[PDB]
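Sequences listed follow chains A and B, in order.
At position 7 of the first sequence the residue is numbered 59 (the deposited numbering), and the sequence of numbers has no breaks.
At position 139 of the second sequence the residue is numbered 196 (the deposited numbering), and the sequence of numbers has no breaks.
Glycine included, each C-beta is placed from N, C-alpha and C at the ideal position.
Notes follow once the structure below has been shown.
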Amino acid sequence: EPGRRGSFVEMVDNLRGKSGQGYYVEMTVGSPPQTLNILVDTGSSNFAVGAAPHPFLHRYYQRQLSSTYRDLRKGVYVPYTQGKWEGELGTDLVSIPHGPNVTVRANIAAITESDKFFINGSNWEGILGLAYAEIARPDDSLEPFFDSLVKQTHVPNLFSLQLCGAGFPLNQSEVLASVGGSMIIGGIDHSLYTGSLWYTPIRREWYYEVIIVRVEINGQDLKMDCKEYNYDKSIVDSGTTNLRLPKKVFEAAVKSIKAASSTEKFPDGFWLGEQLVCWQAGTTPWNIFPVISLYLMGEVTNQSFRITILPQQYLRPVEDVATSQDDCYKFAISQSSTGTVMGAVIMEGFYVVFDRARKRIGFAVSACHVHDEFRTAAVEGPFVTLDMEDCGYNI
Amino acid sequence: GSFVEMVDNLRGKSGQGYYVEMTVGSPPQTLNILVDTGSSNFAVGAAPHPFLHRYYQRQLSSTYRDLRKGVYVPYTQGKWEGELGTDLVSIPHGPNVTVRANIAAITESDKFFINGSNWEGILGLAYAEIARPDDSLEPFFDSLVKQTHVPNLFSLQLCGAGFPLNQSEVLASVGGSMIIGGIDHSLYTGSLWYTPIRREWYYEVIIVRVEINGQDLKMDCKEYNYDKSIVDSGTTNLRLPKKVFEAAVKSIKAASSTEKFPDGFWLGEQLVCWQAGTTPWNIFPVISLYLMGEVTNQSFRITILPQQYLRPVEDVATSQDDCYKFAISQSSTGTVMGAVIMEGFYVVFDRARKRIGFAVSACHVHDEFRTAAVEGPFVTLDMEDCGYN
Ligand SMILES: CCCCOc1ccc(CSC(=N)N)cc1Cl
Ligand SMILES: CCCCOc1ccc(CSC(=N)N)cc1Cl
C-alpha cells in the first residue's frame, strides 16, 4: 500500500452549495476586482454573470466600475426549457481566489435580462461553463474561460470536481457555512478520493460526452440495447441536479427500482420526482432501495468499468413542508428527451477528473460521498465488454 | 357463402402487418388494428407516441370501465405496458354487432409500434391460454362469439402486392380480407384442405414433411415442430427452428446456385436487386410443407413460391430495380408460419371444428410457369410422433 498525498490544499474545499441549487466557487472580475459567486457547470460553455439588478441577486458585475472592461458590442441570448438569460458580451480580467494564482483576460456575458435562471437563496450570481467551444453561444468563436486560462498560463489542461452532498437538508445559514466540495484547477488531489481512478473516453469535445455500455439495478442487468443508454448522447453535467435518463431507459429503470423496493409502496408523485417522502428521524430504509451501476467504456479495447451509486445519492434530501424532525427526500432520477445526464446527484458519489489534455474523464469513489455501514459507492474494473462503439448514437 | 361487407377490409403488407378498422368506446373512437393470430390480447395505444397520430382516450368514453390492473407484455421483437379495462367494441367492415370486450390501454412501449404502419393497436385472435396476464382475461373473439350469433370461425386472405408500396400507395391498396364468422368462396381457388389445431393456445399445427423443389429435407419430422409450429399473421417471415433453418438454407442455396448472394442476404438483413422485371424467379425453388390431415394416416401439402418467401422492398435509391429481402429466418421458439406464407393462401381458422384450412389464394403472387398449391392426400404414418412434447 501507500498513502496518497493531497497536493492542492489551496483549492481543496473551495466550493459551496448543494445538488438542488448548484455548487459554486468564488471568482473576481474587473479592476479593481469585483467578487462574485459562480455556479460550476460542466454542462455549458459560457462564463456569464448578473450585470444588472435582480430580485434574487445581492450583487452583480458593474462594468462601468472596471477600468479593464472591454465591450465586444455584441449581444447573446441563451434559452433553456428551464431557464433563459440575455446578455451583452465583453472581456475583462478574471481570477479565482481559491484557485491558481493567476489572472487572465476572458470573455464575460453580462446578463442584463433573465427568466427562471437565478435561484432565490442559491448565493451565486453567475455561471462558469466548463465545457467546450462547440456549444458556446452565440457560436464557437467565443472562447470559453478554461480555454483562455490554459492558453494564457501554465495551468495544465485539466480540472477535477468533488461535489459534496451533506446527506441531509441544509438551511440558508448552514449551507453558507458548509463545505460543498472542491474544484481543483490544473490537477488531481489524492486526498479527495479512495481506491483507484478509472477513465472513460470523452467521445466528442462539445459537452463532456461519454458512452454507457451496461446498466444494473442491484446487480440485475437492465438488458436494453446499450444504444438506448446514450440516445441521443450521455453527458456529465454538474449544472443539472438529477440523473436524467432517456424516456425508454427511465421507464425500465423506474420499473426495476420499484420492484427492488417493493416492500414499501410510494405514490406516483414520488417516482415523478415531484413530491417528497418522509420517514421518522433516522429510520430511512436505505436497505430496501437498490444500488445503481453504470458501466462506462474504458480506455483499453474491449474493456469497461463500472461506477455504483447508492440511494444516498439518488434520493435528494429536502426539508419537510412542516420542518418536522422527519428525514425526507425526493427521487432524483427523471426522464430526458435529450439523452442521459449524469448530474450533481451522481457526481456527489465520486471524484470526477476532467482530463481535457488526454480527452478522458476519470471516476473514483469520493471521500465525501454519503453512505451507511453496510454499503458504499464504488468504481470497479475491468470487465470484458465487446462492440462498445455500437453503444454510441449517431444522428 | 359470400360476405361482401367484409371482403377487402384489410390494408398493410407483410413487413409492417395487416390491419382492420375497429372502433372503441362511446362515442366510437376509430383505430386501425393489427390482425394477429399469434397472440390473444386486444391492446391499443392509449397515450401519445411518436409513431401514433391517434390513440384510445379513455376519459372520452362513457362506457369505459377500469379493471384497476396493469399488464406487461415483453416480446423479443417488441414490448408494451398497459392498463386493463373494458369498453364497447365494433368492427365497421365486419359483423353488424357491438360487444363489450377487454382492452389493454398501452401507456408505455419499446419497439412495438412501427413507423408508418398506420395501425395503433393489436387484435390477438389466439386462445385465452396465452392471454396476458393470464387466461382469465377473455380474448376479443371469445367475447364476440359468446355475446352474439357470429359463428365461431374467421378466415384470412392476406394479399401481398408483389412489389413495394410507398406511403401513399399502401394506404390506398387493398391488403386482403378478414371474414368474421364465415368463408367467402371468391377469395380462393381449388379445394380447402384442413389440418387439426393440435392444442388451443397458439394456432398450433403439425408439419410432417418438408420439400425444397421436390427434394425431401429428410429430417426427423419432430425437428420441424420443435418446440411447436404455429400460424402467426403477426410475424412477417416464415421462421424455422435453428437446425431446420440451417438445412433449408443449404438446400435453397444449392437450388439457386447459378447466382451467388452475400451472407447478409441469407441472414434476411440485406436486399438483393435485379434490373426492372428481370427477377430470376425460376432459379429459386418452391417450398412444400406437408401438414397432418384430419383423416388417419393422411396428409396434404401447401407449396409456396419465391414470390412468397422473397419480400419486396424499396431500394435505397428508390431506383426502378426490383429488390427483395429473404423472408425465411431462424427461430428458437419453433416454426412460425408468418405473413410471408399466409400471403399464398386463404386460411380458415375453424375454431368450432378445431382445425385450420388452407386453399390457394385468389391474390397470391406468381408467374406464368408456377403457382402456389394446396394438394392431397398423401399416405403418412406416425404423424403424431412429429409433435413435440
Ligand atoms: C442545479 C442548478 C440549476 C441552475 O440552472 C441552470 C444551470 C445550468 C444551465 C446550463 S445548461 C446545463 N448545465 N444543462 C442552465 C440552467 Cl437554467
Ligand atoms: C409484422 C408486424 C410486427 C408487429 O410487432 C408485433 C406483432 C405481434 C406481436 C405478438 S407475438 C406474435 N404475433 N408472435 C408482437 C409484436 Cl412486437
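With C-beta atoms as the reference, is residue i less than 8 Å away from residue j?
i	j	result
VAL156/B	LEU194/B	no
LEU210/A	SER418/A	no
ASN282/B	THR392/B	yes
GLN355/B	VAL431/B	no
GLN86/A	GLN114/A	yes
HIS206/A	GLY58/A	no
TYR445/A	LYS285/A	yes
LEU297/A	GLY395/A	no
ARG68/A	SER230/A	yes
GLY239/A	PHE406/A	no
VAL92/A	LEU228/A	no
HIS150/B	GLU257/B	no
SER248/A	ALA416/A	yes
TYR347/A	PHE357/A	yes
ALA311/B	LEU274/B	no
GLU400/B	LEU215/B	yes
Under DSSP, the beta strand (DSSP E) around residue i begins and ends at which residues?
i	result
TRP250/A	245-253
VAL154/B	It is not in any beta strand (DSSP E) - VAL154/B carries neither H nor E in the DSSP assignment.
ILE413/A	412-418
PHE302/B	Per DSSP, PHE302/B belongs to no beta strand (DSSP E); it is in the alpha helix (DSSP H), 299-312.
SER225/A	Careful: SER225/A lies outside any beta strand (DSSP E), inside the alpha helix (DSSP H) at 224-229.
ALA100/A	99-102
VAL81/A	74-81
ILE236/A	233-237
Within 10 angstroms of its Cβ, does residue i collect 16 or more other Cβ (buried), or is it exposed?
i	result
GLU261/B	buried
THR315/B	exposed
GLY127/B	exposed
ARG266/B	buried
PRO337/A	exposed
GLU138/B	buried
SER71/B	buried
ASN89/A	buried
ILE359/A	buried
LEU180/A	buried
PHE318/B	exposed
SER225/A	exposed
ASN153/A	exposed
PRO196/A	buried
With hydrogens ignored, establish whether the beta-carbon of residue i is closer than 7 Å to any heavy atom of ligand 2.
i	result
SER388/B	no
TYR112/A	no
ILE148/A	no
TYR132/B	yes
Residues in the same chain with beta-carbon distance under 7 Å from residue i, minus the five sequence neighbours each way, listed in chain order, please.
i	result
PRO253/B	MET349, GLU351, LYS411 and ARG412
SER83/A	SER118, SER119, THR120 and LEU145
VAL343/A	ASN270, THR360, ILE361, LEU362 and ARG427
What are the boundary residues of the alpha helix (DSSP H) that includes residue i?
i	result
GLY321/A	320-323
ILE398/A	396-399
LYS203/A	197-204
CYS278/B	278-281
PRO363/B	363-366
Please list, in chain order, all residues of the same chain as residue i whose beta carbon is under 6 Å from its beta carbon, the five residues on each side excluded.
i	result
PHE341/B	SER313 and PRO363
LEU124/B	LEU141 and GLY142
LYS168/A	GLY135
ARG122/A	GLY142 and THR143
residue 466/A	Missing from the structure shown is residue 466/A; chain A here goes from 53 to 447 and no further.
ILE171/B	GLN73
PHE302/B	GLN387
Any chance the CB of residue i is under 7 Å from a heavy atom of ligand 1?
i	result
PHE99/A	no
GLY291/A	yes
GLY69/B	no
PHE211/A	no
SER83/B	no
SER166/A	no
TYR366/A	no
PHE197/A	no
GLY444/A	no
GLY55/A	no
Within the same chain, show all residues whose beta-carbon is closer than 8 Å to that of residue i, passing over the 5 residues directly before and after it, in chain order.
i	result
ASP372/A	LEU328, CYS330, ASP378 and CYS380
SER174/A	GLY69, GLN73, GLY74, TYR76, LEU91 and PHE108
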